[PDB]
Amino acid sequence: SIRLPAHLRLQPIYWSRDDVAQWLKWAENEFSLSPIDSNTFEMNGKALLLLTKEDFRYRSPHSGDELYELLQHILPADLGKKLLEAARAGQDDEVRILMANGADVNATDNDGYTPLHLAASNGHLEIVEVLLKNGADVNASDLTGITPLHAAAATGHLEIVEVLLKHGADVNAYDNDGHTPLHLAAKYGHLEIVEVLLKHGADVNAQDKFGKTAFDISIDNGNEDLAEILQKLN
């Protein structure tokens, strides 16, 4: 038995093509495989993770199934949890690889956050787009009632707000405090998001648990520019 080199103990998404080649040679020795042909897996580790098991079998009639299993065993068991983390951290390529390997696009943590909530909150537009294209629940509430549109409106991510609306986000969804996305955009001073929400049917007269409209919130915060938009339309 041979120990795997230290840089190959990194997750395979980080492996170069030369790293892949070293891993193959390590496996040839560790598992007593038929000699591996040097031109056979001419790609980096990110690409390797997108091959199917059938692809491995075709590429290596003698060892490809074994190599596929070895590679998959390197990955953590809970890909849905990894997807939540990758989406939160903006790891767009990792998001794509994890969903290709079966991660649930609607993976949910103990706060009710989904990948879409986390990518929306942290401004990761490309990840929002890939999640939506692959069936992400656009109107899922988290435990406090926050939808992805709430999360993008509160955090000032205008393009994400627009994409969520184009994919069916509920413009007048309520969180557990009765806040709509319009309330949260007003609370955090995002004037352009307020305009987009109104153009998509946001209810200026919606009252939260405190009896307050988005306009009331703009007055409490002294944000006269936001109050002006809201006043015009109600």
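Quick note: we count residues from 1 along the sequence shown, nothing fancier.
Chemist: Please compare 54 to 62 with 33 to 41 and say which has the higher mean C-alpha temperature factor in the record.
Modeler: Looking at the recorded C-alpha B-factors, 33 to 41 comes out higher on average.
Chemist: Averaging CA B factors per stretch from the PDB record, which one is higher: 201 to 209 or 44 to 52?
Modeler: The entry gives the higher C-alpha B-factor average to 201 to 209.
Chemist: According to the Cα B-factor stored in this entry, which of the following is highest: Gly145, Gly102, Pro148, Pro76?
Modeler: Top of the list by C-alpha B-factor: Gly102.
Chemist: Taking only the Cα B-factors deposited for this chain, tell me whether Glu192 sits in the lowest, middle or highest third.
Modeler: It falls in the top third of the chain.
Chemist: Once the chain's modelled residues are ordered by C-alpha B factor and cut into thirds, is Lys133 in the lowest, middle or highest one?
Modeler: For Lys133, the deposited C-alpha B-factor lands in the highest third.
Chemist: Can you tell me which third, lowest, middle or highest, the CA B-factor of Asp177 falls into for its chain?
Modeler: CA B-factor rank for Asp177: highest third.
Chemist: How does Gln11 rank on Cα B-factor within its chain, lowest, middle or highest third?
Modeler: For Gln11, whose C-alpha B-factor we compare with every modelled residue in the chain, the answer is the middle third.
Chemist: Taking the chain's C-alpha temperature factors as the reference, tell me which third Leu165 falls into: lowest, middle or highest.
Modeler: Middle third - that is where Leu165 ends up once the chain's C-alpha B-factors are sorted.
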